[PDB]
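Sharing a structure below in structure tokens format, with a few things to ask.
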Amino acid sequence: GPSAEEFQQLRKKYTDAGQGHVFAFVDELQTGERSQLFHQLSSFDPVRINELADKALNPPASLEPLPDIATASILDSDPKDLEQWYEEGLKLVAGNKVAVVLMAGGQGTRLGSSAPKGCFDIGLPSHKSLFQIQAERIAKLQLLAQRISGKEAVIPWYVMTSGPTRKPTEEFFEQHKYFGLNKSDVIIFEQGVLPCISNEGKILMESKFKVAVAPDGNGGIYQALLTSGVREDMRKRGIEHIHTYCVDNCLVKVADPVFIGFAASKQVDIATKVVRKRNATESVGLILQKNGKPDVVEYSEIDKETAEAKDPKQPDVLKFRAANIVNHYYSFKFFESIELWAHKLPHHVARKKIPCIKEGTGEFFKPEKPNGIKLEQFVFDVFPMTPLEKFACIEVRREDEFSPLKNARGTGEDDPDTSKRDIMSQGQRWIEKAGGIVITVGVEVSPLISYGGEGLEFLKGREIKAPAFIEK
Ligand SMILES: CC(=O)N[C@H]1[C@@H](OP(=O)(O)O)O[C@H](CO)[C@@H](O)[C@@H]1O
Ligand SMILES: Cn1ncc(Br)c1N
Ligand SMILES: Cn1ncc(Br)c1N
Ligand SMILES: Cn1ncc(Br)c1N
């Protein structure tokens, strides 16, 4: 019983807003289930929900590649610059100035796992989860940074989850003792939610006592950094540089020192990585300059014309081919401005099949056709807020840096088999370059042995029979 007169004023607000049907079932509810609905409805402003539904449902460009000033490439940067960025990056780690934010609030709808995507075991000989691989890269990088400071290096690991992934993720991290990181340096927090909206603009009811909600997209990171206390913790620690990435990339160079030292040396607010797009239809965002500003056209939003546009003088090469691999740098100073622009991030509309109560009956039904929409903010929608001179984009090698897990085994791409093959082909490559000989497919190299190919001299001359696993 959370008051009765408060229940009344809340009912007025929703009914005035044309959303009174959320109370249609109140008179047959337990006291617990009533209190659930009251509290959760009180967390949403129904007028604001109408505004969003209206823009989504009744909705109302100069478009060029990024100029050369804002762009760089691992593939053709002066090696003096690559070494200098690497060294400076590593200095910043050794200065305890580098934090990581892992975006891991995804559902993995194409993967159809029961567990968080970061728990998934892609069938490596180690059977290590994506999370563990990433934790060991952090572990290894901390050790590398010690080797040029002679002091302990800490990179705090902020892990952003959704309501659906938060509990299993914390249990997994706990069961694995945080993969050998200090639990005090790993913070698990949660992104926010928005209500799912029917095609007619009506809030959808999951049960007779609960509204259907969904995570607010990876662009919900910003808001969540404030409300979780994470930005505060970063400030306390003296963090100045933050690498943000998606959980699903099994090759991700966590806190990559070249990237950090590149961005810091340019004094950007924001930097981002790309790879050459694989073909016209790859499900990647494209980074470009839109209306004079840095920006991303998401794969779900691009038209055929722009996706298939060819380069004037290279008729089989796409004009727009800087594929977003969700690897971002921010200055800490950028995050200090979140309150000024968080509310300006647009809401992207996705038409979704949302299980709910049929308004009228109460029969909790799984719908056939998309009955409603989910709204999501995207992390990269801050790019057009950022001046070109304070933005930087750097090309990396797909085979070293981007191998996403989108689909279930059996698909044939961006799946557990392509992921394993990419990690094991990278390990063989590194071993062969250090003098090792591989019989033979591929070799898994623990990040604790090598972060990025270093430290493998001990393998010179040794014959390794693939498939193998190099651990301590
Ligand atoms: C909002 C966002 O981060 N979108 C990203 C993200 O797409 P998904 O819809 O999450 O698969 O990962 C892609 C790379 O796997 C990237 O190209 C795209 O732009
Ligand atoms: C010239 N160009 N366009 C996309 C990307 Br990647 C590069 N290098
Ligand atoms: C994108 N933006 N707007 C104000 C400020 Br300070 C920043 N970084
Ligand atoms: C044209 N462009 N976009 C990103 C990057 Br790297 C380059 N060169």
Side-chain angles (χ1 to χ4, degrees), residues 64-77 103-111 117 160 215-222 244-252 259 262 268-278 282-289 293-302 311 317-328 330-348 350 376-398 401-407 413-414 419:
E64 299 301 350
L66 284 183
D68 201 26
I69 28 163
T71 73
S73 183
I74 294 282
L75 298 197
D76 65 41
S77 279
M103 299 185 290
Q107 319 308 84
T109 76
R110 285 168 292 193
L111 182 63
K117 205 182 277 184
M160 190 185 77
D216 57 8
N218 69 359
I221 183 183
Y222 306 103
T244 295
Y245 70 93
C246 175
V247 67
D248 78 15
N249 180 11
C250 80
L251 287 179
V252 58
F259 185 45
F262 170 74
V268 293
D269 287 351
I270 305 183
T272 209
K273 297 177 163 188
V274 294
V275 293
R276 193 191 334 118
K277 195 186 188 170
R278 169 161 44 62
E282 199 184 3
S283 296
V284 290
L286 291 178
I287 310 188
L288 39 74
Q289 172 190 37
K293 304 281 204 51
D295 213 346
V296 184
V297 177
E298 189 68 316
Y299 60 87
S300 48
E301 282 177 9
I302 200 162
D311 175 280
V317 352
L318 305 166
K319 183 168 180 202
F320 297 113
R321 72 197 170 279
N324 174 33
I325 70 158
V326 200
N327 268 262
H328 310 307
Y330 309 92
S331 61
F332 181 66
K333 208 165 77 82
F334 183 70
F335 282 169
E336 292 285 42
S337 67
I338 289 166
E339 293 79 343
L340 306 217
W341 47 257
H343 64 274
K344 293 169 174 182
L345 296 170
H347 290 88
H348 307 260
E376 296 187 312
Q377 304 185 300
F378 291 169
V379 63
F380 45 72
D381 274 351
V382 305
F383 286 5
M385 299 178 188
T386 300
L388 205 301
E389 73 182 317
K390 297 294 246 292
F391 178 84
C393 188
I394 188 168
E395 181 184 14
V396 293
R397 276 250 291 145
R398 166 178 310 248
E401 301 219 33
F402 182 60
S403 179
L405 174 59
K406 302 304 191 186
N407 313 302
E413 73 171 9
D414 298 334
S419 304

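For ligands, and for the atoms within them, numbers begin at 1 and follow the listed sequence. Numbers for residues simply follow the sequence, beginning at 1. Just the heavy atoms: all of them, side chains too, but no hydrogens, waters or symmetry mates, feed the values below.
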Heavy-atom closest pair, residues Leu345 and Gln377: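 Heavy-atom minimum between the residues: O-NE2, 3.0 Å.
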
Minimum side-chain heavy-atom gap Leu75-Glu395 below 4.5 Å: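 Yes, their side chains come closer than 4.5 Å.
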
Nearest non-hydrogen protein atom, atom 16 (C) of ligand 1: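 That would be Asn324 O, 3.3 Å.
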
Carboxylate-amine/guanidinium proximity below 4.0 Å for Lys406 and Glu413: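 Looking at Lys406 and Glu413, the cut-off is not met.
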
Parallel, tilted or perpendicular: ring planes of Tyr330 versus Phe334, cut at 30 and 60 degrees: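 Ring orientation of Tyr330 relative to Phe334: parallel.
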
Enclosure of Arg276 CZ (heavy-atom neighbours >12, cutoff 6.0 Å):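 No, not enclosed.
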
Pairing of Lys293 and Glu389 as salt bridge, 4.0 angstrom limit: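 A salt bridge is absent here (no side-chain N lies under 4.0 Å from a carboxylate O).
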
Side chain to side chain contact (heavy atoms under 4.5 Å, CB included) between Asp269 and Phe391, worked out: CA-CA 6 Å; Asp269 287 351; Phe391 178 84; over 6 Å; no

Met385: numbered ligand 3 atoms lying under 4.0 Å from its heavy atoms: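 Near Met385, the atoms of ligand 3 are 1 (C).
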
Proximal atoms of ligand 1 relative to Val284 (non-hydrogen, under 4.0 Å):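 That gives atoms 17 (O) of ligand 1.
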
Top protein contact for atom 3 (N) of ligand 4, by heavy-atom distance: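 I find the closest protein heavy atom is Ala322 CB, 3.7 Å.
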
Contact (N/O only, under 3.5 Å) between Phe378 and ligand 1: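 There is no such contact.
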
Nearest neighbour in protein (non-hydrogen) for atom 6 (C) of ligand 1: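 In this structure, atom 6 (C) of ligand 1 has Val326 CG2, 3.8 Å as its nearest protein heavy atom.
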
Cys393 neighbourhood, listing ligand 4 atoms whose heavy-atom distance to it stays under 4.0 Å: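 Reading through ligand 4 atom by atom, the close ones are 4 (C), 6 (Br).
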
Proximal atoms of ligand 1 relative to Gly285 (non-hydrogen, under 4.0 Å):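 Per the distance check, 16 (C), 17 (O), 18 (C), 19 (O).
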
Taking atom 8 (P) of ligand 1 as the reference point, the nearest protein heavy atom with its distance: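 Answer for atom 8 (P) of ligand 1: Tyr299 OH, 3.6 Å.
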
Exercise: identify the closest heavy-atom pair between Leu111 and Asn407: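 Smallest heavy-atom distance, with atoms named: CD1-O, 3.3 Å.
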
Location of contacts on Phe402 toward ligand 1, heavy atoms closer than 4.0 Å: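 Side chain only; the backbone of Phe402 stays clear of ligand 1.
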
Any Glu376 heavy atom less than 4.0 Å from ligand 1: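 For ligand 1, residue contact (heavy atoms, under 4.0 Å) with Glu376 is absent.
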
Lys319/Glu64 salt bridge by N-O under 4.0 Å criterion: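 Judged by the 4.0 Å cut-off on N to carboxylate O distance, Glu64 and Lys319 do form a salt bridge.
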
Parallel, tilted or perpendicular: ring planes of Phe383 versus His328, cut at 30 and 60 degrees: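 Plane angle over 60°, so perpendicular.
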
Closest protein heavy atom to atom 7 (C) of ligand 3, given as residue, atom name and distance to 0.1 Å: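 Answer, as residue, atom name and distance: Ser337 OG, 3.7 Å.
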
Nearest-0.5 Å distance that lies between atom CG in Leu66 and atom CG in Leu388: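 Reported to 0.5 Å precision, the distance equals 7.0 Å.
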
Part of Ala72 within contact of ligand 4 (heavy atoms, under 4.0 Å):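 The answer is the backbone of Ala72.
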
Identity and separation of the nearest protein heavy atom to atom 1 (C) of ligand 4: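 For atom 1 (C) of ligand 4, the nearest protein heavy atom is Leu66 O, 3.6 Å.
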
Which of the ligand 4 atoms, numbered from 1, are nearer than 4.0 Å to a heavy atom of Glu395: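 The atoms of ligand 4 under 4.0 Å from a heavy atom of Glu395 are 6 (Br).
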
Test: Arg110 and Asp248 ion pair at under 4.0 Å: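 Between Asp248 and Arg110 there is no salt bridge, as every charged N stays at least 4.0 Å from the carboxylate O atoms.
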
Stepwise side chain to side chain contact (heavy atoms under 4.5 Å, CB included) test for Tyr299 and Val284: CA-CA 5 Å; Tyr299 60 87; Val284 290; 5.5 Å; no

Shortest reach to atom 8 (N) of ligand 4 by a heavy atom, considering only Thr71, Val274, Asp76: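 The residue whose heavy atom sits nearest atom 8 (N) of ligand 4 is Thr71.
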
Protein residue, atom and distance nearest to atom 10 (O) of ligand 1, heavy-atom basis: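 For atom 10 (O) of ligand 1, the nearest protein heavy atom comes out as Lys406 NZ, 4.1 Å.
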
Nearest protein heavy atom with distance in Å, relative to atom 4 (C) of ligand 3: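 Going by distance alone, atom 4 (C) of ligand 3 is nearest to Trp341 CD1, 4.1 Å.
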
Nearest neighbour in protein (non-hydrogen) for atom 4 (N) of ligand 1: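 The protein heavy atom lying closest is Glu298 OE2, 2.7 Å.
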
Nearest-neighbour protein heavy atom for atom 3 (O) of ligand 1, which is reported as residue plus atom name and distance: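 So the nearest neighbour among protein heavy atoms is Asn218 ND2, 2.7 Å.
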
Test of proximity, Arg110 against ligand 1: N or O pairs below 3.5 Å: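 Min N/O separation from ligand 1 is below 3.5 Å for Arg110.
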
